[PDB]
Amino acid sequence: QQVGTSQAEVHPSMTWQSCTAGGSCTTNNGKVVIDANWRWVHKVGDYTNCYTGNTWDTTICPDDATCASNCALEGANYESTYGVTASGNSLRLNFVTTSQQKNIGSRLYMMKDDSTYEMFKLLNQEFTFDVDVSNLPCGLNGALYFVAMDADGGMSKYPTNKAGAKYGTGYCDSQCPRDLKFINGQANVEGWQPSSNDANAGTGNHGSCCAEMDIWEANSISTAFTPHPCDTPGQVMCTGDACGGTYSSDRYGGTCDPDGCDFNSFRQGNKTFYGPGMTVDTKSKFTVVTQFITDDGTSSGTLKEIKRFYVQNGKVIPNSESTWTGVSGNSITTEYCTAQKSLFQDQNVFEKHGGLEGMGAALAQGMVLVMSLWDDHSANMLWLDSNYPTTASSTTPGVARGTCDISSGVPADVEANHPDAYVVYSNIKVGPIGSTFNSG
Ligand SMILES: OC[C@H]1O[C@@H](O[C@H]2[C@H](O)[C@@H](F)[C@H](O)O[C@@H]2CO)[C@H](O)[C@@H](O)[C@@H]1O
Ligand SMILES: *[C@@H]1O[C@H](CO)[C@@H](O)[C@H](O)[C@H]1NC(C)=O
Ligand SMILES: [Zn+2]
């Protein structure tokens, strides 16, 4: 895609800290950028949309290449259009924002400079942040996660992408998403079909795969952390239902693990650990620590374990133990993942796509920090916060993931009932294991 000039692109500032062993930290002058899929796209030199609602203008966009040549991404009004505000070390995302149009959700990336994403290298480090999920109901997900995107959003690979990271190009994730309007400097008009339940979305013939470490997928009721490996760790364009992932005829048919190896304390058998008034009390801000432990204790070792700690009201809270017979421990390891998938009768493509070692291979490439707020047009967030599938019995291990009702989370309802839901991420810190909190 091209660069539009109607609206200048100015990235809101957001600081974050790099820490050393001992706990000393230095502040980085980061800034955030909205994903290109949220932007106004118009014909170069004009105001006519290339895409409107969930359909393309096929005169301007008769094929993927001509469309990329003819269509320009515009700058964003972060607060007024998208409900995105930042101050100091804090980022607030609102769910619905009405301007001339009704915007729903957002997806933001952390930048190093105005043309380049920040590339985090998490092996043998911990990533820590504060969050306020107290305004997130059933059916919404404030996500903070990492994907193996290119640092320049694909500019240097794809000359037909003139916009790059400055305009939030280059997204990919372990669902191999086909809802992206531009992938690899090509539009996705070919094969496009509108969503039956999202007036703003559709899918095209191309998808964008890469590995994904889900640090945080949460609302006030449930949370989960989940590595998703792929055969290739970095961005790859896939075609058609062979992409696999959510929204394909077979989520398991492609090169990425769509499910991941997850740890949700409630799903792992503790119903009183995370939630309103619980050990980790979602009625107020808390700190979330996530550690990427390697086999040899160095940054070039193989990923062996992912650990989780919380801090709230100054008390350090270790992750809850998984309580199911034969699925023990309080962290993610290969033995946990194998045992958990067996007990829960979930297809284990985690190992097929490389397991923790494969996840680590992605971590070693460098990964982009994503902060988002979304509702779920496939599964109504029930996989996170309810019984899933909704036909199954809550007494069966793996089915119950939170206390939300099985008829919660339908996007039309969420969008009607919770337009002023929001999430606040703040106080990001990265450094050696134990360096960001009162360890160990
Ligand atoms: O596609 C929705 C999310 O799925 C999450 O994986 C689920 C499955 O969908 C279930 F079938 C399975 O029993 O449990 C796993 C874990 O909750 C996936 O982790 C997430 O990335 C997807 O958005
Ligand atoms: C839930 O986790 C908390 C904190 O670790 C613990 O105090 C409580 O006993 C746990 N419940 C179960 C059923 O293990
Ligand atoms: Zn015109």
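X-ray crystallography is the method the PDB entry lists for this structure, together with a resolution of 1.50 Å.

The PDB entry lists the chain under the name CELLOBIOHYDROLASE, from Aspergillus fumigatus. Its official PDB title, as written in the record, is "The 3-D structure of the cellobiohydrolase, Cel7A, from Aspergillus fumigatus, disaccharide complex". Quoted verbatim from the Subcellular location heading of the UniProt record, the comment on the chain is "Secreted". Among the UniProt annotations of the chain, the heading Sequence similarities holds the following wording: "Belongs to the glycosyl hydrolase 7 (cellulase C) family."

(A) Examining the overall build of the chain more closely. Broken down by element type, the chain carries 6 helices and 31 strands. Its C-alpha atoms give the chain a radius of gyration of 21 Å, within 12% of the compact-globule value 22 Å for 440 residues. Expressed along its principal axes, the backbone C-alpha trace of the chain runs to roughly 60 × 50 × 40 Å. Residue pairs at least 24 apart in sequence account for 72% of intrachain contacts in the chain once pairs closer than 6 positions are excluded.

(B) Up close: the site of ligand 1. By nearness alone, every residue bordering ligand 1 is listed as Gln175, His228, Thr246, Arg251, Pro258, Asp259, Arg267, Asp346, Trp383, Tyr388 and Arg401. A distance of 3.5 Å separates an oxygen atom of ligand 1 from a polar atom in the side chain of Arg267. Burial of ligand 1 by the protein chains amounts to 89% of its free accessible area of 480 Å². Residue classes in the shell around ligand 1 are distributed as 3 nonpolar, 3 polar and 5 charged.

(C) Layout of the environment of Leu373. In this fold, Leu373 is placed in strand β30 (residues 368-375). Note on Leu373: relative accessible area 1%, which makes it buried. Separated by 155 residues in sequence, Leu373 and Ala218 place their C-alpha atoms 9.7 Å apart. If we skip the residues at most four places from it in the chain, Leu373 touches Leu93, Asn94, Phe95, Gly105, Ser106, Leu136, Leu140, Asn141, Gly142, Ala421, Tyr422 and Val423.

(D) Broad picture of the pattern of salt bridges. Throughout the structure, instances matching the rule amount to 8 salt bridges. For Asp114, the salt bridge is made with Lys31, and the minimal N-O distance between the two is 3.2 Å. Of this pair, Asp114 sits in the loop between β13 (106-113) and β14 (116-117) while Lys31 sits in strand β4 (residues 31-34), placing them 83 residues apart in sequence. What makes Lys31 buried here is its relative accessible area of 14%. Of the charged contacts in the structure, one is a salt bridge between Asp35 and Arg107, with a shortest N-O distance of 3.1 Å. Remark: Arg107 occurs in strand β13 and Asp35 occurs in the loop between β4 and β5 (41-43); sequence separation between them is 72 residues. By the burial criterion, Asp35 is buried, and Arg107 matches it. Ionic contacts of the salt-bridge type, sharing partners, join the residues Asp262, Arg267 and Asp346 into one network.

(E) Spotlight on the site of ligand 2. Close to ligand 2 lie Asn270, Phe273 and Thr323, which account for all nearby residues. Between ligand 2 and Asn270, the relevant distance is 2.3 Å, taken from an oxygen atom to a side-chain nitrogen or oxygen of the residue. Protein chains bury 43% of the 360 Å² of accessible surface belonging to ligand 2 in isolation.

(F) Layout of the environment of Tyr82. By the element assignment, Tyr82 lies in helix α2 (residues 78-82). We classify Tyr82 as buried; its relative accessible area is 6%. Distance in space between the C-alpha atoms of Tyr82 and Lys102 is 9.1 Å, their sequence separation being 20 residues. Apart from the residues within four sequence positions on either side, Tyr82 is in contact with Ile34, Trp38, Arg39, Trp40, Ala76, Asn77, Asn94, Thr97 and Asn103. A polar contact is formed between the side chain of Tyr82 and the backbone oxygen of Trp38, at a distance of 2.6 Å.

(G) The side chain of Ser320, seen in detail. Looking at the element boundaries, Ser320 is found in the loop between β29 (315-318) and α3 (334-344). Looking at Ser320, its side chain comes within polar contact range of the side chain of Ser265, at 2.6 Å. Not counting residues within four places of it along the chain, the set of residues in contact with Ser320 comprises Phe263, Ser265, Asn270, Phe273, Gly329 and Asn330.

(H) Representation of the UniProt feature "active site" in the chain. Listed under "active site" in the UniProt record, and renumbered for this structure, are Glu212 and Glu217. Mapped onto the fold, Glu212 is located in strand β22 (residues 212-218). Setting aside anything within four residues of it in sequence, one finds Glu212 in contact with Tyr145, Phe146, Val147, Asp173, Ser174, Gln175, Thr226, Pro227, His228, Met359 and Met367. A polar side-chain atom of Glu212 sits 2.8 Å from a polar atom in the side chain of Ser174. For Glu217, the position within the fold is in strand β22.

(I) Looking closely at the nonpolar core. Of all hydrophobic cores here, the largest spans 85 residues; its most connected members are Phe127, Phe129, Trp216 and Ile428. For this core, the element with the most residues is strand β16 (residues 140-147), which contributes 6 residues. One finds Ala36, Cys50, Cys71 and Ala163 within the second-largest nonpolar core, a separate group that totals 17 residues.

(J) Local environment of the side chain of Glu9. Along the polypeptide, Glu9 turns up in the loop between β1 (2-3) and β2 (16-19). Using a relative accessible area of 8% as the deciding quantity, one classes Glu9 as buried. Engagement of the side chain of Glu9 in a polar contact is seen with the side chain of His11, the distance being 3.4 Å. A polar side-chain atom of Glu9 sits 2.6 Å from a polar atom in the side chain of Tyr78. Among residues more than four places away in sequence, those in contact with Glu9 are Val33, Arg39, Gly75, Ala76, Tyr78, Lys166 and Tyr167.

Rules of the game
Sequence positions are given from 1 along each chain as written, possibly unlike the numbering in the entry, and residues without coordinates are left off. Chain letters start at A and ligand numbers start at 1, both assigned in the order the entries are written. Only hydrogens and water are set aside; all other atoms, that is, all heavy atoms of the structure, feed into the side-chain values. Residues with missing side-chain atoms are left out of burial classes, side-chain pairs and their counts. UniProt positions are given in the numbering used here, feature names are shortened, and annotations may be inferred rather than shown by experiment. For helices the rule is a DSSP run of H or I covering at least 4 residues; for strands it is a run of E covering at least 2, with both sets numbered from the N terminus onward. The quantity called the radius of gyration is restricted to C-alpha atoms. Its globule counterpart is 2.2 Å times the number of residues to the power 0.38. Throughout, a contact is declared for two residues whenever any of their heavy atoms are within 4.5 Å. Summary of the distance rule: residues count as near a molecule or strand when at least one heavy atom falls within 4 Å of that molecule or strand. The term polar contact refers here to a pair of N or O atoms within 3.5 Å; inside protein, the definition further demands a hydrogen-donor-capable atom paired with an acceptor-capable atom, and it admits residues adjacent in sequence only when both atoms are side-chain atoms. In these tables, accessible area is a Shrake-Rupley quantity obtained with a 1.4 Å probe, and a residue counts as shielded only by the protein chains included in the view. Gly is put with the polar residues, along with every residue not named as nonpolar or charged; the nonpolar set is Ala, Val, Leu, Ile, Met, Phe, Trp, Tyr, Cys and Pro, and the charged set is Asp, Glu, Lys and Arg. Relative accessibility decides the category of a residue: with a 1.4 Å probe and only protein chains considered, values under 20% of the type maximum give buried, values over 50% give exposed, and everything between is partly exposed. The term salt bridge refers to a pairing of a side-chain nitrogen on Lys or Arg with a carboxyl oxygen on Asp or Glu at a separation within 4 Å. To qualify as a nonpolar core, a set must consist of buried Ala, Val, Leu, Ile, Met, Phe, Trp, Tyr and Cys residues joined through side-chain atoms within 4.5 Å.

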